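A.B. asks: The following block contains the structure, expressed as structure tokens.
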There are 2 protein chains.
Amino acid sequence: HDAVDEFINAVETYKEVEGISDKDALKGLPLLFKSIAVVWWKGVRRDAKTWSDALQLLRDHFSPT
Amino acid sequence: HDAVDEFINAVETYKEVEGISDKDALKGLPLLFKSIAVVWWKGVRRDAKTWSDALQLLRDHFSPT
């Protein structure tokens with residue numbers, strides 16, 4: 001139940017829900033989740049001041065519009 | 001159910017299971033999950049050749065010994 005196990009569950013859930021192949025996943029998912037993680041950390045070191053505002057922020061950054 | 005939502009669930013599960021405060025979590029968890037993500041990507045661009053070997057790898061890197 002450590003952080004690494006929860007990280008892997010996220011990646012594997014996403015691979016499953018999106019029906020991504022093992023080959024496309026190996027090629028693509030490490031950089032995608034690396035980008036998410038960097039953006040989250042970047043937006044906390046820049047702006048966010050709260051825990052709820054650190055979560056919400058990452059969403060608004062990957063926004064539908 | 002996108003990647004960002006699964007990422008947030010991982011972080012929030014970890015915060016909950018470990019009983020981390022909002023203040024310690026804001027300060028600490030973005031860099032921790034950023035590190036995990038970087039290590040995973042690093043170990044795929046270096047060594048791993050398979051999907052099961054990309055998962056397993058990240059574990060062995062955060063190894064108990």
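Every chain in the structure tokens has a letter given in the order shown (A, B, ...), and although residue numbers restart at 1 in each chain, ligands are simply numbered from 1 in the order shown.
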Using only C-alpha atoms, which protein or nucleic acid residues come within 10 Å of range 44-47 of chain B? Drop anything in the same chain fewer than 3 positions from it, and give the result as an MDAnalysis selection string.

C.D. replies: (chainID A and resid 26:27 30:31) or (chainID B and resid 38:41 50:51 53:55 57:58)

A.B. asks: How would chain B read as a compact mmCIF listing (two decimals) with N, CA and C atoms, in the first residue's frame once least-squares superposed on chain A using all paired C-alpha atoms?

C.D. replies:
```txt
# COMPACT_ATOMS: atom_id res chain seq x y z
N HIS B 1 0.81 -1.23 0.00
CA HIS B 1 0.00 0.00 0.00
C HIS B 1 0.84 1.27 0.00
N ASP B 2 2.13 1.12 -0.29
CA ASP B 2 2.99 2.29 -0.33
C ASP B 2 2.65 3.14 -1.56
N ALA B 3 3.40 4.22 -1.73
CA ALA B 3 3.14 5.14 -2.82
C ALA B 3 3.37 4.49 -4.18
N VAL B 4 4.40 3.66 -4.28
CA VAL B 4 4.71 3.04 -5.56
C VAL B 4 3.58 2.11 -5.99
N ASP B 5 3.01 1.36 -5.03
CA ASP B 5 1.90 0.48 -5.35
C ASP B 5 0.69 1.27 -5.79
N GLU B 6 0.44 2.40 -5.16
CA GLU B 6 -0.72 3.18 -5.59
C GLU B 6 -0.47 3.80 -6.95
N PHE B 7 0.76 4.23 -7.20
CA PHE B 7 1.13 4.75 -8.51
C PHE B 7 0.89 3.71 -9.59
N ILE B 8 1.33 2.48 -9.35
CA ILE B 8 1.15 1.42 -10.36
C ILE B 8 -0.33 1.14 -10.60
N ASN B 9 -1.14 1.14 -9.53
CA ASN B 9 -2.57 0.91 -9.74
C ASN B 9 -3.15 1.98 -10.64
N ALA B 10 -2.73 3.23 -10.48
CA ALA B 10 -3.27 4.29 -11.33
C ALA B 10 -2.96 4.03 -12.79
N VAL B 11 -1.70 3.74 -13.08
CA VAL B 11 -1.24 3.51 -14.44
C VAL B 11 -1.98 2.33 -15.03
N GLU B 12 -2.14 1.27 -14.24
CA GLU B 12 -2.77 0.04 -14.74
C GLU B 12 -4.27 0.22 -14.91
N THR B 13 -4.92 0.92 -14.00
CA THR B 13 -6.31 1.29 -14.23
C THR B 13 -6.46 2.06 -15.55
N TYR B 14 -5.61 3.07 -15.75
CA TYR B 14 -5.73 3.88 -16.95
C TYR B 14 -5.50 3.03 -18.18
N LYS B 15 -4.45 2.22 -18.17
CA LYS B 15 -4.22 1.35 -19.31
C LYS B 15 -5.44 0.50 -19.60
N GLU B 16 -6.08 -0.02 -18.55
CA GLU B 16 -7.23 -0.90 -18.73
C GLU B 16 -8.43 -0.14 -19.27
N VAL B 17 -8.81 0.93 -18.59
CA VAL B 17 -9.99 1.69 -19.01
C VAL B 17 -9.85 2.18 -20.44
N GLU B 18 -8.66 2.61 -20.83
CA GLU B 18 -8.48 3.13 -22.19
C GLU B 18 -8.16 2.04 -23.20
N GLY B 19 -8.04 0.79 -22.77
CA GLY B 19 -7.71 -0.29 -23.68
C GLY B 19 -6.39 -0.13 -24.40
N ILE B 20 -5.37 0.36 -23.71
CA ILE B 20 -4.07 0.59 -24.32
C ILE B 20 -3.29 -0.72 -24.39
N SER B 21 -2.59 -0.94 -25.50
CA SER B 21 -1.79 -2.14 -25.66
C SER B 21 -0.54 -2.08 -24.78
N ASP B 22 0.03 -3.25 -24.49
CA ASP B 22 1.27 -3.26 -23.72
C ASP B 22 2.36 -2.48 -24.43
N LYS B 23 2.43 -2.57 -25.75
CA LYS B 23 3.50 -1.89 -26.45
C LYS B 23 3.28 -0.39 -26.46
N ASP B 24 2.04 0.04 -26.66
CA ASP B 24 1.83 1.48 -26.67
C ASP B 24 1.97 2.03 -25.27
N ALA B 25 1.65 1.21 -24.27
CA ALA B 25 1.70 1.65 -22.88
C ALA B 25 3.13 1.85 -22.42
N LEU B 26 4.00 0.88 -22.73
CA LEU B 26 5.43 1.00 -22.41
C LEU B 26 6.02 2.25 -23.05
N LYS B 27 5.62 2.53 -24.28
CA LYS B 27 6.17 3.65 -25.04
C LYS B 27 5.64 4.97 -24.50
N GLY B 28 4.37 4.99 -24.09
CA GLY B 28 3.68 6.24 -23.82
C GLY B 28 3.41 6.56 -22.36
N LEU B 29 3.09 5.59 -21.56
CA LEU B 29 2.56 5.96 -20.25
C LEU B 29 3.61 6.49 -19.27
N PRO B 30 4.88 6.05 -19.29
CA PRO B 30 5.85 6.69 -18.40
C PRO B 30 6.00 8.19 -18.60
N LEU B 31 6.04 8.68 -19.83
CA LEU B 31 6.15 10.12 -20.03
C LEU B 31 4.86 10.85 -19.65
N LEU B 32 3.71 10.26 -19.95
CA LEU B 32 2.44 10.89 -19.59
C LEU B 32 2.32 11.08 -18.08
N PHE B 33 2.53 10.03 -17.31
CA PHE B 33 2.43 10.17 -15.86
C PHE B 33 3.58 11.00 -15.29
N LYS B 34 4.76 10.93 -15.90
CA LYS B 34 5.81 11.88 -15.53
C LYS B 34 5.37 13.34 -15.75
N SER B 35 4.71 13.63 -16.86
CA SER B 35 4.22 14.98 -17.12
C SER B 35 3.20 15.43 -16.09
N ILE B 36 2.24 14.56 -15.77
CA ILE B 36 1.22 14.87 -14.75
C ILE B 36 1.89 15.20 -13.44
N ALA B 37 2.84 14.37 -13.05
CA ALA B 37 3.49 14.55 -11.77
C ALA B 37 4.28 15.86 -11.72
N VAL B 38 4.96 16.17 -12.81
CA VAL B 38 5.73 17.41 -12.88
C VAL B 38 4.81 18.63 -12.81
N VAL B 39 3.72 18.61 -13.58
CA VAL B 39 2.74 19.71 -13.55
C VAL B 39 2.18 19.92 -12.16
N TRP B 40 1.85 18.84 -11.46
CA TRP B 40 1.32 18.95 -10.11
C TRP B 40 2.31 19.62 -9.18
N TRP B 41 3.54 19.13 -9.18
CA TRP B 41 4.61 19.70 -8.38
C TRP B 41 4.88 21.14 -8.79
N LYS B 42 4.93 21.40 -10.10
CA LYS B 42 5.15 22.77 -10.59
C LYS B 42 4.07 23.72 -10.08
N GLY B 43 2.81 23.32 -10.18
CA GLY B 43 1.70 24.17 -9.78
C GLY B 43 1.55 24.34 -8.28
N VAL B 44 2.07 23.40 -7.49
CA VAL B 44 2.18 23.61 -6.05
C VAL B 44 3.33 24.56 -5.71
N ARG B 45 4.53 24.37 -6.29
CA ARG B 45 5.64 25.28 -6.00
C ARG B 45 5.39 26.69 -6.53
N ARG B 46 4.46 26.86 -7.47
CA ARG B 46 4.13 28.17 -8.02
C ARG B 46 3.03 28.85 -7.23
N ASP B 47 1.85 28.22 -7.15
CA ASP B 47 0.62 28.91 -6.75
C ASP B 47 -0.02 28.29 -5.52
N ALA B 48 -0.42 27.02 -5.56
CA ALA B 48 -1.34 26.48 -4.57
C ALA B 48 -0.81 26.64 -3.15
N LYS B 49 -1.75 26.85 -2.24
CA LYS B 49 -1.49 27.15 -0.85
C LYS B 49 -2.18 26.15 0.05
N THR B 50 -3.07 25.33 -0.49
CA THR B 50 -3.89 24.40 0.26
C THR B 50 -3.83 23.02 -0.39
N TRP B 51 -4.33 22.01 0.33
CA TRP B 51 -4.33 20.65 -0.20
C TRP B 51 -5.44 20.48 -1.22
N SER B 52 -6.62 21.00 -0.90
CA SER B 52 -7.74 20.96 -1.83
C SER B 52 -7.46 21.78 -3.07
N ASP B 53 -6.68 22.87 -2.93
CA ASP B 53 -6.29 23.69 -4.07
C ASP B 53 -5.14 23.09 -4.87
N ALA B 54 -4.39 22.15 -4.28
CA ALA B 54 -3.35 21.47 -5.05
C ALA B 54 -3.97 20.39 -5.94
N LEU B 55 -4.92 19.63 -5.39
CA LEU B 55 -5.71 18.70 -6.18
C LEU B 55 -6.47 19.42 -7.29
N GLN B 56 -7.41 20.31 -6.92
CA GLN B 56 -8.21 20.99 -7.92
C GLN B 56 -7.34 21.55 -9.04
N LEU B 57 -6.20 22.14 -8.68
CA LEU B 57 -5.34 22.80 -9.66
C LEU B 57 -4.96 21.86 -10.80
N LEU B 58 -4.52 20.66 -10.46
CA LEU B 58 -4.00 19.75 -11.48
C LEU B 58 -5.08 19.44 -12.50
N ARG B 59 -6.32 19.28 -12.04
CA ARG B 59 -7.46 19.14 -12.93
C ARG B 59 -7.57 20.32 -13.89
N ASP B 60 -7.76 21.53 -13.34
CA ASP B 60 -7.96 22.71 -14.18
C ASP B 60 -6.85 22.88 -15.20
N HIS B 61 -5.68 22.30 -14.94
CA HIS B 61 -4.57 22.40 -15.89
C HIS B 61 -4.75 21.45 -17.05
N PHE B 62 -5.26 20.26 -16.79
CA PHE B 62 -5.66 19.36 -17.84
C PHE B 62 -7.16 19.55 -18.04
N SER B 63 -7.50 20.71 -18.61
CA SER B 63 -8.88 21.12 -18.71
C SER B 63 -9.45 20.81 -20.08
N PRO B 64 -10.74 20.52 -20.15
CA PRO B 64 -11.33 20.11 -21.43
C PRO B 64 -11.27 21.19 -22.51
N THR B 65 -11.21 22.47 -22.13
CA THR B 65 -11.24 23.56 -23.10
C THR B 65 -9.82 23.99 -23.43
```
